[PDB]
Structures are given as C-alpha cells and as structure tokens.
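Residue numbers (the entry's author numbering), protein chains in the order written: chain A, -3 to 71, 78 to 231; chain A', -3 to 71, 78 to 231; chain P, 43 to 51; chain P', 43 to 51. A prime marks a further copy of an entry chain. Beta carbons: idealized from backbone N, C-alpha and C, even for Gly. Here is the structure we will look at, set down as structure tokens.
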Amino acid sequence: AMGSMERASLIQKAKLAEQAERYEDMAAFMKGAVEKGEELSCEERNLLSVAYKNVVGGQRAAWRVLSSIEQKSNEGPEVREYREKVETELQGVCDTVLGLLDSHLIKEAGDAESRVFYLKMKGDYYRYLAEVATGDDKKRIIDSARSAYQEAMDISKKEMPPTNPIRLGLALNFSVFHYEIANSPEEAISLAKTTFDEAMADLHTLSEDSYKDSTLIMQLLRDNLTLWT
Amino acid sequence: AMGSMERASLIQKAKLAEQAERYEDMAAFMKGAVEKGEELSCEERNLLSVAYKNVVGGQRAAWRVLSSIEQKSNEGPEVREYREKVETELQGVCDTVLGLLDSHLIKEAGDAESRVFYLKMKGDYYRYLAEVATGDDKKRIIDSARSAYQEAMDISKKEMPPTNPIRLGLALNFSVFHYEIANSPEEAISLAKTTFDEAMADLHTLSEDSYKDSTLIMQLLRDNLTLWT
Amino acid sequence: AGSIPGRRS
Amino acid sequence: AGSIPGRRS
Ligand SMILES: *Cc1ccc(S(=O)(=O)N2CCN(C(C)C)CC2)cc1
Ligand SMILES: *Cc1ccc(S(=O)(=O)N2CCN(C(C)C)CC2)cc1
C-alpha cells in the first residue's frame, strides 16, 4: 500500500494523522514505515504504538458494547453476527501488529529499550486476542502474552532502572494481564506493589522532568491497587 | 456490498453500530437499507442522517486541522498531499449521500416531513462540499446548497408549524449556510431571529414533550444569534 | 456558528 | 483495572 512513499513522508504523515485524530491512517502510515525495513527510533516506536493502540482501543470498546448486548439477549442472529464481524476485524489488527513485530522488529532490536518496548507490545496484542478468545485456543494465546511480558520483564529488571517509564508501563500492563486475563489477582497486586515501591525508592536520582514521567505511571499503579484492595 | 442482507437486519445492525460508536459501519448499513428501494420511516431517516453526519463530521474536523497546518506552512508536499487525501474522502462521502438522495429518496418523498428532511440533507451535504471547494466550481456548489435549502424552506413554511423540529433545524442550518458559506450574515441573523420568534409564539400549542423538543433547537438559534450580534 | 449537531439518534 | 492508556504521543 505504502511502498511508493518515502519513509520520512510516512513518518511526517503519521504525525499529521495523529493531530487530525485519524488513527487508522496513522496506523497505515506507520505500518508502511516499518515495512521499509529499517529499525525505528524511540519517537517512531511511540508513533507506531499510539496508532495501533487507538485503532484497537476503539475496536475493543465496540466489542465490549456488542458482547454486553449479546449476553443480555441470552438471558435473531444479528447481534452475534455483528459482534463476530467486529471481533474478526479486531483480531486482524492484532495479527497485523504481531506480524510487524515478528517481521522483523523484535529480531533486529538489540538495545534493551527497543527490545523491551516491542516485547511489551507483543504481550499487549496477545492480551487483546485473549480478551475475545474462547476455549483451549484461549490457553495458548494467554501463554503467548505471558511469555512476551515475562521476557520483557526479565530484560527490564536487568537493564533499566526501576523508574524507567517503559519498565513501569510494562509492569502495569503485566499486572493487568494477571488480574484480568490469567485469573491471578494476588500476582497482579504483588507486582504492582513491588513495582511502585522500587520506583519510589529510585525517584531521588531523577531530574524534575524524569520525575514527572515516572510518577505519572506510578499513579496508574496506585490507582489499580486502590481498585484491587 | 449489503445486497444479501435483509432490510430489517441492516436497520437492526445500524442501531447496534450507533451504540458501539461504529459510525462508518452504521452508514454502510443504512446505505444498504436505502438501496433496498423502499421508502424510509421517520426513525430510519434519522438513522441514515446520524450515521453520515458522524462520518462526515469526523472528516470535516480532520480537514480543518490539516487546512490550518497547511495555511501556517504557507506563512515539503506532505501536508498538502494529506489534506487532499482527506478532502477527496470527504467529497466521496458527500457524493454518496447526495447519490442516495437523488436515487431515489427525494423523488419518492411525498409527505412534507420526508421531503423537507431529505432536502435539508441535500443542502447540508452540498454545504460540506462548499466548505472545501475553491473557485468558480465553488459557486455552482453553493447554489446547489442554496436551492435545496430554499425548496425545503418553502415546503416547511406551507406544511409544518413553526415549532416543528425539522423546520427549526432546517432554518438553523440554512442560517449557518448564509453566515458561513454565502457571506450573508445579515440574512443569517434575520432568518434565525424570525424563526425563533415565530416558534416562541407557537409554543403554547405543544405538549410538554414537544415543548422540550422545540425549545432545544430554539436555544441553538439563540446561541448563534448571541455569537453573531 | 453551530449547525444541528445531528450525531445522536 | 487500567492499562497504560497509550493513545497520545
Ligand atoms: C507502554 C509505555 C509506552 C510509552 C511510555 S512513555 O514514552 O514514557 N509515555 C508516552 C506518552 N505519555 C503520555 C503523554 C501521558 C505517557 C507515557 C511508557 C509506557
Ligand atoms: C435536522 C434535524 C434532524 C433531526 C431533528 S429531531 O428528530 O427532532 N432530533 C434528533 C435528536 N435530537 C437529539 C437527541 C438532541 C435532536 C433533534 C431536528 C432537526
């Protein structure tokens, strides 16, 4: 689709699409940029992630509305058919993102910051697949999310300080995985509390701007702990 | 696209798509329902209008963001190219709606309520074309909006009470046409004030529920008058 | 200047 | 439970 457009033009248009709140366009521009085959910078990785999180976030919100109506109706075929249509679309977007990570973003990512970022994405998009999966295939999808998050966690704990925002966001999302997907609320609570406490003890090392970045995500961990305890 | 789905199923799915905030799907379902060839009920006309107003409203908001960036940059080709892409998409949606009205919603609409509703839509979608048009073709597009709104106004004044919500919304949108498109602010102000005053004098005839419907749109006329005077 | 929002049934 | 919103660059 985007093979004839320059990489730099795809990046520029992804930024314009974000300003215009055109997230499907944004995601298509960033897919085109990934498919140029070069590694992504920190800013470009963020554009890729923001684009797809907005696309799949709208699909997930729609799927939840439709799934609620469908469950109530089971307390014609149209509600199920339309929930299935939205579900298939959502699965297709998740498969597209997972395909970009597998061909070839992860394998070329050698610095800890890029590798953790992509493995967190891989965990997130398997988690969104798990949200709509039913049965034993749900089990293998759940394991794929778990494995991606665990590898990211292992690298992050070895290579990044406890206040690093990607390390923090990874721990936040892995704790949500434990609570919401893996039926492990105590593991969720433990991980959120340990992550929060270890970040708090490292705040003294940070500049004012880094302090703001880290404390914002720490508050999200606290917000989940408040809801869970 | 939708030829194999039952009319009633398209209508049901358009309502589900509205609940799920899936307005492109909503518009595609209602296009499919129109193309079944039967006339639309009052509720179905509203679903058609809501679907396309949301689709084109997002496009217009994006076009305005991009047009602002482009004008600032004129104080590479990417901003113009992407504004042009969004503009072409917007024009395509407006042409699709206008095509449904012309084949064959308007010609089959004999009651005043349906005919005024469709002619107001026709004025609105030519007005959205006029917002992005440049030059002399802008003139013919502006005239097409004007002509559609004027025919709707003539019918509405003959056949509907001054508090009818479609009559009120038509007058509101025609006044915005005068102010924003036709460079006729005094005609805009006159039409809004006369419409408001004639509705106020007819409120005494209404039930509590009809009073609420009419006064809501009257407040929109007042809000424009406050901004314009 | 606002037209009819028209975005909710 | 909230994950990272992640929807604004
Ligand atoms: C998973 C994750 C992604 C990105 C970050 S971030 O780069 O530190 N940052 C992005 C933007 N920001 C908004 C502006 C609130 C929040 C996080 C952390 C974790
Ligand atoms: C142009 C126009 C369309 C529709 C109406 S309405 O049917 O009276 N009504 C629709 C929904 N409503 C929302 C719920 C506020 C507003 C107007 C009037 C004019």
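Test: residue i CB closer than 8 angstroms to a CB of chain A
i                      : result
residue 9 of chain A'  : yes
residue 17 of chain A' : yes
residue 58 of chain A' : yes
residue 52 of chain A' : no
residue 89 of chain A' : no
residue 5 of chain A'  : yes
Residues near residue i in its chain [Cβ-Cβ closer than 6 angstroms; skip 5 each side]
i                       : result
residue 134 of chain A' : 89
residue 15 of chain A'  : none
residue 100 of chain A' : 127
residue 29 of chain A   : 3, 6 and 7
residue 164 of chain A  : 200, 201 and 204
residue 125 of chain A' : 147, 150 and 151
residue 169 of chain A  : 158 and 162
Check: residue i C-beta below 7 angstroms from any heavy atom of ligand 2
i                       : result
residue 145 of chain A  : no
residue 167 of chain A' : yes
residue 46 of chain P   : yes
residue 122 of chain A  : no
residue 171 of chain A' : yes
residue 185 of chain A' : no
residue 42 of chain A'  : yes
residue 45 of chain A'  : yes
C-beta neighbour in chain A' for residue i, strict 8 angstroms
i                      : result
residue 84 of chain A  : yes
residue 46 of chain A  : no
residue 61 of chain A  : yes
residue -3 of chain A  : no
residue 191 of chain A : no
residue 80 of chain A  : yes
Chain P contact for residue i (CB, 8 angstroms cutoff)
i                       : result
residue 49 of chain A'  : yes
residue 14 of chain A'  : yes
residue 178 of chain A' : yes
residue 121 of chain A' : no
residue 185 of chain A' : no
residue 181 of chain A' : yes
residue 222 of chain A' : yes
Minimum Cβ-Cβ distance from residue i to chain P' less than 8 angstroms
i                      : result
residue 70 of chain A  : no
residue 128 of chain A : no
residue 215 of chain A : no
residue 229 of chain A : yes
residue 166 of chain A : no
residue 225 of chain A : yes
residue 28 of chain A  : no
residue 171 of chain A : yes
Anticipated Cβ contact below 8 angstroms, residue i with residue j, distance rounded
i                       : j                       : result
residue 157 of chain A' : residue 201 of chain A' : The pair is not a contact, with the Cβ atoms about 17 angstroms apart (cut-off 8 angstroms).
residue 167 of chain A' : residue 116 of chain A' : Residue 167 of chain A' to residue 116 of chain A', Cβ: 14 angstroms. No contact.
residue 191 of chain A' : residue 227 of chain A' : 7 angstroms
residue 103 of chain A' : residue 120 of chain A' : 5 angstroms
residue 123 of chain A' : residue 45 of chain A'  : 6 angstroms
residue 51 of chain P'  : residue 70 of chain A   : With a Cβ gap of about 41 angstroms, residue 51 of chain P' and residue 70 of chain A do not count as contacting.
Same chain, Cβ closer than 7 angstroms to residue i, five either side skipped, listed in chain order
i                       : result
residue 47 of chain A   : 10, 19, 22, 23 and 26
residue 50 of chain A   : 19
residue 224 of chain A  : 198
residue 63 of chain A   : 85
residue 189 of chain A' : 180
residue 213 of chain A' : 205
residue 1 of chain A'   : 28
Proximity test, residue i beta-carbon vs ligand 1 heavy atom, cut-off 7 angstroms
i                      : result
residue 215 of chain A : yes
residue 52 of chain P' : What the structure shows of chain P' is the stretch from 43 to 51, and residue 52 of chain P' is not part of that stretch, so it cannot be assessed.
residue 193 of chain A : no
residue 218 of chain A : yes
residue 37 of chain A  : no
Contacts around residue i, its chain only, beta-carbon distance under 8 angstroms, and the 5 residues preceding and following it disregarded
i                      : result
residue 183 of chain A : 129, 132, 133, 144 and 147
Task: Validate contact between the region 139 to 157 of chain A' and the region 80 to 96 of chain A' using beta carbons, cut 8 angstroms, 3 pairs - done: no
Open item on the list: Quick check: the region 54 to 61 of chain A' against the region 13 to 28 of chain A, are at least 3 beta-carbon pairs closer than 8 angstroms?
Closed with: yes
Open item on the list: When you compare the region 79 to 88 of chain A with the region 98 to 115 of chain A, are there three or more beta-carbon pairs, one atom per stretch, that lie closer than 8 angstroms?
Closed with: no
- [ ] Could you tell me whether the region 191 to 201 of chain A' touches the region 164 to 179 of chain A', where touching means 3 or more Cβ pairs closer than 8 angstroms?
- [x] yes
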